[PDB]
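Raw final-v4.csv, CSV, N, CA and C atoms:
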chain,number,residue,atom,x,y,z
A,1,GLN,N,73.6,-35.8,-0.4
A,1,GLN,CA,74.1,-34.5,0.1
A,1,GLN,C,74.1,-33.5,-1.1
A,2,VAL,N,73.5,-32.4,-0.8
A,2,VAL,CA,73.4,-31.3,-1.7
A,2,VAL,C,74.2,-30.1,-1.2
A,3,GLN,N,75.0,-29.6,-2.1
A,3,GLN,CA,75.7,-28.4,-1.8
A,3,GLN,C,75.1,-27.2,-2.6
A,4,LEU,N,75.1,-26.0,-2.1
A,4,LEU,CA,74.5,-24.9,-2.7
A,4,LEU,C,75.5,-23.7,-2.8
A,5,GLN,N,75.6,-23.2,-4.0
A,5,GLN,CA,76.5,-22.1,-4.3
A,5,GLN,C,75.8,-20.8,-4.7
A,6,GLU,N,75.9,-19.8,-3.8
A,6,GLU,CA,75.1,-18.6,-4.0
A,6,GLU,C,76.0,-17.5,-4.5
A,7,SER,N,75.5,-16.7,-5.4
A,7,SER,CA,76.3,-15.6,-6.0
A,7,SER,C,75.3,-14.6,-6.6
A,8,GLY,N,75.8,-13.4,-6.9
A,8,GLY,CA,75.1,-12.5,-7.7
A,8,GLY,C,74.7,-11.2,-6.9
A,9,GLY,N,74.9,-11.3,-5.6
A,9,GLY,CA,74.5,-10.1,-4.8
A,9,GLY,C,75.5,-9.0,-4.9
A,10,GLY,N,75.3,-8.0,-4.1
A,10,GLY,CA,76.2,-6.9,-3.9
A,10,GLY,C,75.5,-5.6,-3.7
A,11,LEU,N,76.1,-4.5,-4.1
A,11,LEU,CA,75.6,-3.2,-3.8
A,11,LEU,C,74.9,-2.6,-5.1
A,12,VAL,N,73.7,-2.0,-4.9
A,12,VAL,CA,73.0,-1.6,-6.1
A,12,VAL,C,72.2,-0.4,-5.7
A,13,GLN,N,71.9,0.5,-6.6
A,13,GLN,CA,71.1,1.7,-6.3
A,13,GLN,C,69.6,1.2,-6.3
A,14,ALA,N,68.8,1.9,-5.5
A,14,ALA,CA,67.4,1.7,-5.5
A,14,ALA,C,66.8,1.8,-6.9
A,15,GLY,N,65.9,0.9,-7.2
A,15,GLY,CA,65.4,0.9,-8.6
A,15,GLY,C,66.2,0.0,-9.5
A,16,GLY,N,67.4,-0.4,-9.0
A,16,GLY,CA,68.2,-1.2,-9.8
A,16,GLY,C,67.8,-2.7,-9.8
A,17,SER,N,68.6,-3.5,-10.4
A,17,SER,CA,68.4,-5.0,-10.5
A,17,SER,C,69.6,-5.8,-10.1
A,18,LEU,N,69.3,-7.0,-9.6
A,18,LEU,CA,70.4,-7.9,-9.4
A,18,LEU,C,69.8,-9.3,-9.8
A,19,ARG,N,70.7,-10.2,-10.2
A,19,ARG,CA,70.3,-11.6,-10.4
A,19,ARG,C,71.1,-12.5,-9.5
A,20,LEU,N,70.4,-13.2,-8.6
A,20,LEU,CA,71.0,-14.1,-7.7
A,20,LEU,C,71.0,-15.5,-8.3
A,21,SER,N,72.0,-16.2,-8.1
A,21,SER,CA,72.2,-17.6,-8.6
A,21,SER,C,72.4,-18.6,-7.4
A,22,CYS,N,71.6,-19.7,-7.5
A,22,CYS,CA,71.8,-20.7,-6.5
A,22,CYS,C,72.1,-22.0,-7.2
A,23,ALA,N,73.4,-22.3,-7.4
A,23,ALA,CA,73.8,-23.5,-8.1
A,23,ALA,C,74.0,-24.6,-7.1
A,24,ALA,N,73.4,-25.8,-7.5
A,24,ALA,CA,73.3,-26.9,-6.6
A,24,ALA,C,74.3,-28.0,-7.2
A,25,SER,N,74.9,-28.8,-6.3
A,25,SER,CA,75.7,-29.9,-6.7
A,25,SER,C,75.4,-31.1,-5.7
A,26,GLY,N,75.7,-32.3,-6.1
A,26,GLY,CA,75.5,-33.4,-5.3
A,26,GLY,C,74.2,-34.2,-5.7
A,27,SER,N,73.5,-34.7,-4.8
A,27,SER,CA,72.3,-35.5,-5.1
A,27,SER,C,71.2,-34.5,-5.5
A,28,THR,N,71.3,-33.9,-6.6
A,28,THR,CA,70.4,-32.8,-7.0
A,28,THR,C,69.1,-33.3,-7.7
A,29,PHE,N,69.2,-34.5,-8.2
A,29,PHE,CA,68.1,-35.0,-9.0
A,29,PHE,C,66.8,-35.0,-8.3
A,30,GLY,N,66.8,-35.3,-7.0
A,30,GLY,CA,65.6,-35.4,-6.3
A,30,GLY,C,65.0,-34.2,-5.6
A,31,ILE,N,65.6,-33.0,-5.9
A,31,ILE,CA,65.2,-31.8,-5.2
A,31,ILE,C,63.8,-31.4,-5.6
A,32,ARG,N,62.9,-31.4,-4.6
A,32,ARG,CA,61.5,-31.1,-4.9
A,32,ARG,C,61.2,-29.6,-5.0
A,33,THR,N,61.7,-28.8,-4.1
A,33,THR,CA,61.6,-27.3,-4.1
A,33,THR,C,62.9,-26.7,-3.9
A,34,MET,N,63.0,-25.4,-4.2
A,34,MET,CA,64.2,-24.6,-3.8
A,34,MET,C,63.7,-23.2,-3.5
A,35,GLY,N,64.1,-22.7,-2.4
A,35,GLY,CA,63.6,-21.4,-2.0
A,35,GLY,C,64.8,-20.4,-1.9
A,36,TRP,N,64.4,-19.1,-2.1
A,36,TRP,CA,65.3,-18.0,-1.8
A,36,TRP,C,64.8,-17.3,-0.5
A,37,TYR,N,65.7,-17.3,0.5
A,37,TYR,CA,65.4,-16.7,1.8
A,37,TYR,C,66.2,-15.4,1.9
A,38,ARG,N,65.7,-14.5,2.7
A,38,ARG,CA,66.5,-13.4,3.0
A,38,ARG,C,66.5,-13.1,4.5
A,39,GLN,N,67.6,-12.5,4.9
A,39,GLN,CA,67.7,-12.1,6.3
A,39,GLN,C,68.2,-10.7,6.4
A,40,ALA,N,67.2,-9.8,6.8
A,40,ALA,CA,67.5,-8.4,7.0
A,40,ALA,C,68.3,-8.3,8.3
A,41,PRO,N,69.1,-7.2,8.5
A,41,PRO,CA,69.9,-7.1,9.7
A,41,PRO,C,69.1,-7.3,11.0
A,42,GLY,N,69.5,-8.2,11.9
A,42,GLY,CA,68.9,-8.4,13.2
A,42,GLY,C,67.6,-9.2,13.2
A,43,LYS,N,67.3,-9.6,12.0
A,43,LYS,CA,65.9,-10.2,11.8
A,43,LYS,C,66.1,-11.7,11.5
A,44,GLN,N,65.0,-12.4,11.7
A,44,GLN,CA,64.8,-13.8,11.4
A,44,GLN,C,64.9,-14.0,9.8
A,45,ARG,N,65.5,-15.1,9.4
A,45,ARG,CA,65.6,-15.4,8.0
A,45,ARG,C,64.2,-15.8,7.5
A,46,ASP,N,63.7,-15.2,6.5
A,46,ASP,CA,62.4,-15.6,5.9
A,46,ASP,C,62.5,-16.0,4.5
A,47,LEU,N,61.6,-16.9,4.1
A,47,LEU,CA,61.5,-17.4,2.7
A,47,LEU,C,60.7,-16.3,1.9
A,48,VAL,N,61.3,-15.9,0.8
A,48,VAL,CA,60.6,-14.9,0.0
A,48,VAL,C,60.2,-15.3,-1.4
A,49,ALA,N,60.9,-16.3,-1.9
A,49,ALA,CA,60.5,-16.9,-3.2
A,49,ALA,C,60.8,-18.4,-3.3
A,50,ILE,N,59.9,-19.2,-3.9
A,50,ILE,CA,60.1,-20.6,-3.9
A,50,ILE,C,59.7,-21.1,-5.2
A,51,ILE,N,60.4,-22.2,-5.7
A,51,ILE,CA,60.1,-22.8,-7.0
A,51,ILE,C,60.0,-24.3,-6.8
A,52,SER,N,59.1,-25.0,-7.5
A,52,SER,CA,59.0,-26.4,-7.4
A,52,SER,C,59.8,-27.1,-8.5
A,53,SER,N,60.1,-28.4,-8.4
A,53,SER,CA,60.7,-29.0,-9.5
A,53,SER,C,60.0,-28.8,-10.8
A,54,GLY,N,58.6,-28.7,-10.7
A,54,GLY,CA,57.8,-28.6,-11.9
A,54,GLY,C,57.9,-27.2,-12.5
A,55,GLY,N,58.4,-26.3,-11.7
A,55,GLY,CA,58.6,-24.9,-12.2
A,55,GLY,C,57.6,-23.9,-11.6
A,56,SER,N,56.7,-24.5,-10.7
A,56,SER,CA,55.7,-23.7,-10.0
A,56,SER,C,56.4,-22.7,-9.1
A,57,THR,N,55.9,-21.5,-8.9
A,57,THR,CA,56.5,-20.5,-8.1
A,57,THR,C,55.6,-19.9,-7.1
A,58,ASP,N,56.2,-19.4,-6.0
A,58,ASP,CA,55.4,-18.6,-5.0
A,58,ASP,C,56.3,-17.6,-4.4
A,59,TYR,N,55.7,-16.5,-4.0
A,59,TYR,CA,56.4,-15.3,-3.6
A,59,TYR,C,55.8,-14.7,-2.3
A,60,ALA,N,56.7,-14.2,-1.5
A,60,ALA,CA,56.3,-13.4,-0.4
A,60,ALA,C,55.7,-12.1,-0.9
A,61,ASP,N,54.6,-11.6,-0.2
A,61,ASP,CA,53.9,-10.4,-0.7
A,61,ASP,C,54.8,-9.2,-0.9
A,62,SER,N,55.9,-9.1,-0.1
A,62,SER,CA,56.8,-8.0,-0.2
A,62,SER,C,57.6,-7.9,-1.5
A,63,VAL,N,57.7,-9.1,-2.1
A,63,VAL,CA,58.6,-9.1,-3.3
A,63,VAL,C,57.8,-9.5,-4.6
A,64,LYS,N,56.5,-9.8,-4.5
A,64,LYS,CA,55.7,-10.1,-5.6
A,64,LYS,C,55.7,-9.0,-6.7
A,65,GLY,N,55.9,-9.4,-8.0
A,65,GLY,CA,55.9,-8.5,-9.1
A,65,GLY,C,57.2,-7.9,-9.3
A,66,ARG,N,58.2,-8.0,-8.3
A,66,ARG,CA,59.5,-7.4,-8.4
A,66,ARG,C,60.6,-8.5,-8.5
A,67,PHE,N,60.4,-9.6,-7.8
A,67,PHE,CA,61.4,-10.6,-7.8
A,67,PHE,C,60.8,-11.8,-8.6
A,68,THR,N,61.7,-12.5,-9.3
A,68,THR,CA,61.2,-13.6,-10.1
A,68,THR,C,62.2,-14.8,-9.9
A,69,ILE,N,61.6,-15.9,-9.5
A,69,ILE,CA,62.4,-17.0,-9.3
A,69,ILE,C,62.3,-18.0,-10.4
A,70,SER,N,63.4,-18.6,-10.9
A,70,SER,CA,63.3,-19.5,-12.0
A,70,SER,C,64.4,-20.5,-11.9
A,71,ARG,N,64.3,-21.6,-12.6
A,71,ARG,CA,65.4,-22.6,-12.5
A,71,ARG,C,65.8,-23.0,-13.9
A,72,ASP,N,67.1,-23.4,-14.0
A,72,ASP,CA,67.7,-24.0,-15.2
A,72,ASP,C,68.1,-25.4,-14.8
A,73,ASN,N,67.3,-26.4,-15.2
A,73,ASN,CA,67.6,-27.8,-14.7
A,73,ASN,C,68.9,-28.3,-15.3
A,74,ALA,N,69.3,-27.9,-16.5
A,74,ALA,CA,70.5,-28.3,-17.1
A,74,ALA,C,71.7,-27.8,-16.3
A,75,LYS,N,71.6,-26.6,-15.7
A,75,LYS,CA,72.7,-26.1,-14.9
A,75,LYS,C,72.5,-26.2,-13.4
A,76,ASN,N,71.4,-26.9,-13.1
A,76,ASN,CA,71.0,-27.1,-11.7
A,76,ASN,C,71.1,-25.9,-10.8
A,77,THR,N,70.5,-24.8,-11.4
A,77,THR,CA,70.6,-23.5,-10.8
A,77,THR,C,69.3,-22.9,-10.7
A,78,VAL,N,69.0,-22.3,-9.6
A,78,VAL,CA,67.8,-21.5,-9.3
A,78,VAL,C,68.2,-20.1,-9.2
A,79,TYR,N,67.5,-19.2,-10.0
A,79,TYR,CA,67.8,-17.8,-10.1
A,79,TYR,C,66.8,-17.0,-9.3
A,80,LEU,N,67.2,-15.8,-8.8
A,80,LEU,CA,66.3,-14.9,-8.3
A,80,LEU,C,66.5,-13.6,-9.1
A,81,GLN,N,65.7,-13.2,-10.0
A,81,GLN,CA,65.8,-12.0,-10.7
A,81,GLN,C,65.2,-10.9,-9.8
A,82,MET,N,66.0,-10.0,-9.3
A,82,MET,CA,65.5,-8.9,-8.4
A,82,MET,C,65.4,-7.6,-9.1
A,83,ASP,N,64.2,-7.1,-9.4
A,83,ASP,CA,64.0,-5.9,-10.1
A,83,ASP,C,63.4,-4.9,-9.1
A,84,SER,N,63.5,-3.6,-9.5
A,84,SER,CA,62.9,-2.5,-8.7
A,84,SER,C,63.3,-2.6,-7.3
A,85,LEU,N,64.6,-2.8,-7.0
A,85,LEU,CA,65.1,-3.0,-5.7
A,85,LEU,C,64.8,-1.8,-4.8
A,86,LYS,N,64.5,-2.1,-3.6
A,86,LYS,CA,64.3,-1.0,-2.6
A,86,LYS,C,65.2,-1.2,-1.4
A,87,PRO,N,65.5,-0.1,-0.7
A,87,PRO,CA,66.4,-0.2,0.5
A,87,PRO,C,65.9,-1.3,1.4
A,88,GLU,N,64.5,-1.4,1.5
A,88,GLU,CA,63.9,-2.5,2.3
A,88,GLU,C,64.3,-3.9,1.9
A,89,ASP,N,64.9,-4.1,0.7
A,89,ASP,CA,65.3,-5.4,0.3
A,89,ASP,C,66.7,-5.7,0.7
A,90,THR,N,67.4,-4.8,1.4
A,90,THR,CA,68.7,-5.1,1.9
A,90,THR,C,68.7,-6.2,2.9
A,91,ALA,N,69.6,-7.2,2.6
A,91,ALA,CA,69.6,-8.4,3.4
A,91,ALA,C,70.6,-9.4,2.8
A,92,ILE,N,71.0,-10.4,3.6
A,92,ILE,CA,71.7,-11.5,3.0
A,92,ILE,C,70.7,-12.5,2.5
A,93,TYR,N,70.8,-12.8,1.2
A,93,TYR,CA,69.9,-13.8,0.6
A,93,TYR,C,70.5,-15.1,0.6
A,94,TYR,N,69.7,-16.1,0.9
A,94,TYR,CA,70.2,-17.5,0.9
A,94,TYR,C,69.2,-18.4,0.1
A,95,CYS,N,69.8,-19.5,-0.5
A,95,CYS,CA,68.9,-20.5,-1.1
A,95,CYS,C,69.0,-21.8,-0.3
A,96,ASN,N,67.8,-22.4,-0.2
A,96,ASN,CA,67.8,-23.7,0.5
A,96,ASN,C,66.4,-24.3,0.2
A,97,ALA,N,66.3,-25.6,0.6
A,97,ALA,CA,65.0,-26.2,0.5
A,97,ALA,C,64.7,-26.8,1.8
A,98,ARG,N,63.5,-26.6,2.3
A,98,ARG,CA,63.1,-27.1,3.5
A,98,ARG,C,62.7,-28.6,3.3
A,99,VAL,N,63.2,-29.4,4.2
A,99,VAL,CA,62.9,-30.8,4.1
A,99,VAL,C,62.4,-31.2,5.5
A,100,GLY,N,61.1,-31.1,5.7
A,100,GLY,CA,60.5,-31.3,7.0
A,100,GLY,C,60.8,-30.1,7.9
A,101,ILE,N,61.4,-30.3,9.1
A,101,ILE,CA,61.8,-29.3,10.0
A,101,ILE,C,63.1,-28.7,9.5
A,102,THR,N,64.0,-29.6,9.0
A,102,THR,CA,65.3,-29.2,8.7
A,102,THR,C,65.5,-28.8,7.3
A,103,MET,N,66.7,-28.5,6.8
A,103,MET,CA,66.9,-28.1,5.5
A,103,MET,C,67.6,-29.1,4.7
A,104,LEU,N,67.4,-29.1,3.4
A,104,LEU,CA,68.1,-29.9,2.4
A,104,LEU,C,69.6,-29.8,2.6
A,105,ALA,N,70.1,-28.6,2.8
A,105,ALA,CA,71.6,-28.4,2.8
A,105,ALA,C,72.0,-27.5,3.9
A,106,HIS,N,73.3,-27.6,4.3
A,106,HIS,CA,73.8,-26.7,5.2
A,106,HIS,C,73.7,-25.3,4.6
A,107,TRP,N,73.2,-24.3,5.3
A,107,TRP,CA,73.1,-22.9,4.8
A,107,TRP,C,74.5,-22.5,4.3
A,108,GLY,N,74.5,-21.9,3.1
A,108,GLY,CA,75.7,-21.3,2.6
A,108,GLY,C,76.0,-20.0,3.2
A,109,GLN,N,77.0,-19.2,2.8
A,109,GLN,CA,77.3,-17.9,3.3
A,109,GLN,C,76.3,-16.9,2.8
A,110,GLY,N,75.4,-17.3,1.9
A,110,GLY,CA,74.4,-16.4,1.3
A,110,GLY,C,75.1,-15.4,0.4
A,111,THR,N,74.3,-14.4,-0.1
A,111,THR,CA,74.9,-13.4,-1.0
A,111,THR,C,74.3,-12.1,-0.5
A,112,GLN,N,75.1,-11.2,0.0
A,112,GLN,CA,74.7,-9.9,0.5
A,112,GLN,C,74.0,-9.1,-0.6
A,113,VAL,N,72.9,-8.5,-0.3
A,113,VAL,CA,72.3,-7.5,-1.2
A,113,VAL,C,72.1,-6.2,-0.4
A,114,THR,N,72.7,-5.2,-0.9
A,114,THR,CA,72.6,-3.9,-0.3
A,114,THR,C,72.1,-2.9,-1.3
A,115,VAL,N,71.0,-2.2,-1.0
A,115,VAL,CA,70.3,-1.4,-1.9
A,115,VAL,C,70.4,0.1,-1.4
A,116,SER,N,71.2,0.9,-2.1
A,116,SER,CA,71.4,2.3,-1.5
A,116,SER,C,70.5,3.3,-2.2
A,117,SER,N,70.3,4.4,-1.5
A,117,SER,CA,69.4,5.4,-2.0
A,117,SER,C,70.0,6.8,-2.0
Starting from the file, give its structure as structure tokens.
Amino acid sequence: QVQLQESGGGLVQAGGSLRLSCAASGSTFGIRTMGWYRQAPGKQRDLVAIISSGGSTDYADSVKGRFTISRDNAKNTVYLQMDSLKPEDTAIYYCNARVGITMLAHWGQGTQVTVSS
């Protein structure tokens, strides 16, 4: 069982930055991937950044070059550095790992990101 603790979001001006933190606990040793998802108002939740245990990363086109996902193994935390924020980035952000059809963990409350202009 893996629990995920999301933090770092909030209200920020366009062009500003936020750093999201996804802290994992439980059977964390075997986590293959970890993704940052976002869910804009009224929209499906989509994966926008993902990192492998090896540190490999992948990004949704919309956030490429602006968001950076990284992990600190010692702290069992996966970060999303969000730079050059746009109003279009407003969403609740969640971290999770997909395991087949289902997810590694119950979805957390996520962390609201609101980008004002």
Hey, can you pull every residue with an atom no more than 5 Å from (70.4, -37.0, -3.8), using only N, CA and C atoms, and send it as a VMD selection string? chain A and resid 1 27 to 28
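For the set A:62, A:17, A:76, A:25, the residue with the smallest atom-to-atom gap to residue A:48 is A:62, counting all atoms listed in the file.
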Write out as a ChimeraX atom specification all residues of chain A that DSSP puts in helix (DSSP H, G or I) for this structure's backbone. /A:61-63,87-89
Using only N, CA and C atoms, which protein or nucleic acid residues come within 8 Å of residue A:33? Drop anything in the same chain fewer than 3 positions from it, and give the result as JSON, numbers by chain. {"A": [30, 36, 50, 51, 52, 53, 54, 96, 97, 98]}
Output as JSON, numbers by chain all residues of chain A that backbone DSSP marks as strand (DSSP E). {"A": [2, 3, 4, 5, 6, 7, 10, 11, 12, 13, 18, 19, 20, 21, 22, 23, 24, 25, 26, 33, 34, 35, 36, 37, 38, 39, 46, 47, 48, 49, 50, 51, 52, 57, 58, 59, 67, 68, 69, 70, 71, 72, 77, 78, 79, 80, 81, 82, 91, 92, 93, 94, 95, 96, 98, 99, 102, 103, 111, 112, 113, 114, 115, 116]}
For each of A:92, A:99, A:80, A:2, take the minimum atom-to-atom distance to residue A:21, counting all atoms listed in the file, then give the residue where this is smallest.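 Closest candidate: A:80.
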How far is it from atom C of residue A:82 to atom N of residue A:5, in Å with one decimal? 19.3 Å
Taking (71.3, -5.4, 2.6) in the coordinates of the supplied file, I want to know which residues reach to within 10 Å of it, counting only C-alpha atoms; could you give the answer as a ChimeraX atom specification? /A:9-12,38-41,86-93,111-116
Now that the selection is made, can you save its residues with N, CA and C atoms as a PDB file, in the coordinates of the input?
ATOM      1  N   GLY A   9      74.900 -11.300  -5.600  1.00  0.00           N
ATOM      2  CA  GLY A   9      74.500 -10.100  -4.800  1.00  0.00           C
ATOM      3  C   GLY A   9      75.500  -9.000  -4.900  1.00  0.00           C
ATOM      4  N   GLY A  10      75.300  -8.000  -4.100  1.00  0.00           N
ATOM      5  CA  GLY A  10      76.200  -6.900  -3.900  1.00  0.00           C
ATOM      6  C   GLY A  10      75.500  -5.600  -3.700  1.00  0.00           C
ATOM      7  N   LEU A  11      76.100  -4.500  -4.100  1.00  0.00           N
ATOM      8  CA  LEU A  11      75.600  -3.200  -3.800  1.00  0.00           C
ATOM      9  C   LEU A  11      74.900  -2.600  -5.100  1.00  0.00           C
ATOM     10  N   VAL A  12      73.700  -2.000  -4.900  1.00  0.00           N
ATOM     11  CA  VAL A  12      73.000  -1.600  -6.100  1.00  0.00           C
ATOM     12  C   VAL A  12      72.200  -0.400  -5.700  1.00  0.00           C
ATOM     13  N   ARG A  38      65.700 -14.500   2.700  1.00  0.00           N
ATOM     14  CA  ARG A  38      66.500 -13.400   3.000  1.00  0.00           C
ATOM     15  C   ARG A  38      66.500 -13.100   4.500  1.00  0.00           C
ATOM     16  N   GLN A  39      67.600 -12.500   4.900  1.00  0.00           N
ATOM     17  CA  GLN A  39      67.700 -12.100   6.300  1.00  0.00           C
ATOM     18  C   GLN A  39      68.200 -10.700   6.400  1.00  0.00           C
ATOM     19  N   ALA A  40      67.200  -9.800   6.800  1.00  0.00           N
ATOM     20  CA  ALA A  40      67.500  -8.400   7.000  1.00  0.00           C
ATOM     21  C   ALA A  40      68.300  -8.300   8.300  1.00  0.00           C
ATOM     22  N   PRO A  41      69.100  -7.200   8.500  1.00  0.00           N
ATOM     23  CA  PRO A  41      69.900  -7.100   9.700  1.00  0.00           C
ATOM     24  C   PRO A  41      69.100  -7.300  11.000  1.00  0.00           C
ATOM     25  N   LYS A  86      64.500  -2.100  -3.600  1.00  0.00           N
ATOM     26  CA  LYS A  86      64.300  -1.000  -2.600  1.00  0.00           C
ATOM     27  C   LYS A  86      65.200  -1.200  -1.400  1.00  0.00           C
ATOM     28  N   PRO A  87      65.500  -0.100  -0.700  1.00  0.00           N
ATOM     29  CA  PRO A  87      66.400  -0.200   0.500  1.00  0.00           C
ATOM     30  C   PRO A  87      65.900  -1.300   1.400  1.00  0.00           C
ATOM     31  N   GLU A  88      64.500  -1.400   1.500  1.00  0.00           N
ATOM     32  CA  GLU A  88      63.900  -2.500   2.300  1.00  0.00           C
ATOM     33  C   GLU A  88      64.300  -3.900   1.900  1.00  0.00           C
ATOM     34  N   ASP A  89      64.900  -4.100   0.700  1.00  0.00           N
ATOM     35  CA  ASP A  89      65.300  -5.400   0.300  1.00  0.00           C
ATOM     36  C   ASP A  89      66.700  -5.700   0.700  1.00  0.00           C
ATOM     37  N   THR A  90      67.400  -4.800   1.400  1.00  0.00           N
ATOM     38  CA  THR A  90      68.700  -5.100   1.900  1.00  0.00           C
ATOM     39  C   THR A  90      68.700  -6.200   2.900  1.00  0.00           C
ATOM     40  N   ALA A  91      69.600  -7.200   2.600  1.00  0.00           N
ATOM     41  CA  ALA A  91      69.600  -8.400   3.400  1.00  0.00           C
ATOM     42  C   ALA A  91      70.600  -9.400   2.800  1.00  0.00           C
ATOM     43  N   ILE A  92      71.000 -10.400   3.600  1.00  0.00           N
ATOM     44  CA  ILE A  92      71.700 -11.500   3.000  1.00  0.00           C
ATOM     45  C   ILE A  92      70.700 -12.500   2.500  1.00  0.00           C
ATOM     46  N   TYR A  93      70.800 -12.800   1.200  1.00  0.00           N
ATOM     47  CA  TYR A  93      69.900 -13.800   0.600  1.00  0.00           C
ATOM     48  C   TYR A  93      70.500 -15.100   0.600  1.00  0.00           C
ATOM     49  N   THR A 111      74.300 -14.400  -0.100  1.00  0.00           N
ATOM     50  CA  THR A 111      74.900 -13.400  -1.000  1.00  0.00           C
ATOM     51  C   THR A 111      74.300 -12.100  -0.500  1.00  0.00           C
ATOM     52  N   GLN A 112      75.100 -11.200   0.000  1.00  0.00           N
ATOM     53  CA  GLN A 112      74.700  -9.900   0.500  1.00  0.00           C
ATOM     54  C   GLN A 112      74.000  -9.100  -0.600  1.00  0.00           C
ATOM     55  N   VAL A 113      72.900  -8.500  -0.300  1.00  0.00           N
ATOM     56  CA  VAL A 113      72.300  -7.500  -1.200  1.00  0.00           C
ATOM     57  C   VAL A 113      72.100  -6.200  -0.400  1.00  0.00           C
ATOM     58  N   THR A 114      72.700  -5.200  -0.900  1.00  0.00           N
ATOM     59  CA  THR A 114      72.600  -3.900  -0.300  1.00  0.00           C
ATOM     60  C   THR A 114      72.100  -2.900  -1.300  1.00  0.00           C
ATOM     61  N   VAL A 115      71.000  -2.200  -1.000  1.00  0.00           N
ATOM     62  CA  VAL A 115      70.300  -1.400  -1.900  1.00  0.00           C
ATOM     63  C   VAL A 115      70.400   0.100  -1.400  1.00  0.00           C
ATOM     64  N   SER A 116      71.200   0.900  -2.100  1.00  0.00           N
ATOM     65  CA  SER A 116      71.400   2.300  -1.500  1.00  0.00           C
ATOM     66  C   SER A 116      70.500   3.300  -2.200  1.00  0.00           C
TER      67      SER A 116
END
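The gap separating atom CA of residue A:84 from atom CA of residue A:117 is 12.2 Å, in Å to one decimal.
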Top pick for closest residue to residue A:56, considering A:4, A:69, A:31, A:105 and counting only N, CA and C atoms: A:69
From the structure block, carefully write stretch 58-72 of chain A out with N, CA and C atoms; format it as a compact mmCIF listing (two decimals), in the first residue's frame.
# COMPACT_ATOMS: atom_id res chain seq x y z
N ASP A 58 8.90 12.21 -18.95
CA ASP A 58 8.12 12.49 -20.14
C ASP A 58 7.08 13.51 -19.77
N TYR A 59 6.70 14.30 -20.76
CA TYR A 59 5.85 15.46 -20.57
C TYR A 59 4.78 15.57 -21.62
N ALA A 60 3.60 16.01 -21.19
CA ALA A 60 2.55 16.40 -22.12
C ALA A 60 3.03 17.62 -22.90
N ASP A 61 2.68 17.68 -24.19
CA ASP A 61 3.09 18.80 -25.05
C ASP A 61 2.81 20.16 -24.42
N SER A 62 1.67 20.28 -23.76
CA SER A 62 1.24 21.56 -23.22
C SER A 62 2.16 22.10 -22.11
N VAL A 63 2.93 21.22 -21.47
CA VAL A 63 3.74 21.66 -20.35
C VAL A 63 5.25 21.49 -20.59
N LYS A 64 5.61 20.94 -21.75
CA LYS A 64 7.02 20.78 -22.14
C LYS A 64 7.81 22.08 -22.05
N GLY A 65 9.00 22.01 -21.47
CA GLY A 65 9.87 23.17 -21.37
C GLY A 65 9.48 24.13 -20.25
N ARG A 66 8.32 23.91 -19.64
CA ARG A 66 7.86 24.78 -18.57
C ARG A 66 7.78 24.04 -17.25
N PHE A 67 7.35 22.79 -17.31
CA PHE A 67 7.25 22.00 -16.10
C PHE A 67 8.37 21.00 -16.08
N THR A 68 8.87 20.71 -14.90
CA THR A 68 9.97 19.77 -14.78
C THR A 68 9.66 18.81 -13.66
N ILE A 69 9.62 17.53 -13.97
CA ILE A 69 9.37 16.54 -12.95
C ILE A 69 10.70 15.93 -12.53
N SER A 70 10.84 15.71 -11.23
CA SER A 70 12.08 15.18 -10.67
C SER A 70 11.73 14.37 -9.44
N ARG A 71 12.66 13.54 -9.00
CA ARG A 71 12.40 12.75 -7.81
C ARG A 71 13.60 12.82 -6.87
N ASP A 72 13.31 12.74 -5.58
CA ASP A 72 14.34 12.59 -4.56
C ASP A 72 14.05 11.25 -3.89
